[PDB]
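As structure tokens, one chain now follows by itself in the form solved without this ligand.
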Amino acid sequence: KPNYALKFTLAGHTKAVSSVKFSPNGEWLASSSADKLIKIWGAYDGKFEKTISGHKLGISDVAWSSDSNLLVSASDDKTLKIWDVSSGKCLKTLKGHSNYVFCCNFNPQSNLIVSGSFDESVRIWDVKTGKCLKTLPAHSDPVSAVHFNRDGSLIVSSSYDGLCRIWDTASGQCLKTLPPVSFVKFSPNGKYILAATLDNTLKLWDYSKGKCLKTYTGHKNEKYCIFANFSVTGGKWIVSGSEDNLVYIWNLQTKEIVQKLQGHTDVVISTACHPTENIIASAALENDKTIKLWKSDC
């Protein structure tokens, strides 16, 4: 079992926090919020660094480029923005979705962004131009998550239509189709997809074999698209937020709950795992509005 302990609470957003993500270089944490802002904090000391503003409505997700120099944000204003983190400048506004943009991610090369929207499409955009390369007829209800795999050749998407689909990046073609599916992501090894469904379940899928290998239960997730993670820096865990205001940590192999992290006062909508240290960041909704940083020995 790990032994995560609360280290810091980061206050400052004035509405629900929607997403927290560590920079790939491990130095920063970015947080987005329904307050239309992105804030950047020191990953290790929790020190407030800067606020980044410019979206017209709240933000539901943010993601870092591989070099930790850029951030992309997905907003209710129907756009994504690419930001230079050191200057705080908006470099590009990505326009074309017809409804809220819900989720976003860079590829590993960081020349492409993928986004998912309430308009039920997945779009692939070029970073340097900020223009849309492809719009995929991906789902029949809002798209809850999009993620590239470890070489950027695949995209996984999920939706309130109950489907998870895997796409070929280069062609936009659907390669495989795997309750609303509220979150998906590829594993760090590239071999599995972790999928969350709004029936209080997380499931580990072998996507080559198209089979479910493991189910994780115990938490509450019936209403919100909560992020989950593979934690691989210490022991091999699955980490997720929960609607009972706790962070859950399961053993990836045994499926047992190994720890729950207590302290938030509303739904824990987002958790992120530090790329090299045993550090988790978590964030919560409107009755809480805070980010918590937790540290473990394994």
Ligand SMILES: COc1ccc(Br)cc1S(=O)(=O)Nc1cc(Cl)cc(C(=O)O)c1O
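Don't overthink the numbering: it's just position in the shown sequence, from 1.
Omitted from view is the form solved in complex with this ligand, to which the following refers.
Segments offered: 256 to 264, 64 to 72, 231 to 239, 48 to 56. Contacting this ligand in the bound PDB entry at heavy atom distances within 4.5 Å is 231 to 239. Among heavy atoms of residue 208, none comes within 4.5 Å of this ligand in the bound PDB entry. Proximity of residue 204 to this ligand in the bound PDB entry: non-hydrogen atoms within 4.5 Å are present. At the 4.5 Å threshold, heavy atoms of residue 188 reach this ligand in the bound PDB entry. Taking non-hydrogen atoms only, residue 29 never approaches this ligand to within 4.5 angstroms in the bound PDB entry. Among the residues 192, 83, 167, 125, the one placing a heavy atom within 4.5 Å of this ligand in the bound PDB entry is 192. Proximity to this ligand in the bound PDB entry, defined as a heavy atom within 4.5 Å, holds among 246, 252, 273, 40 only for 252.
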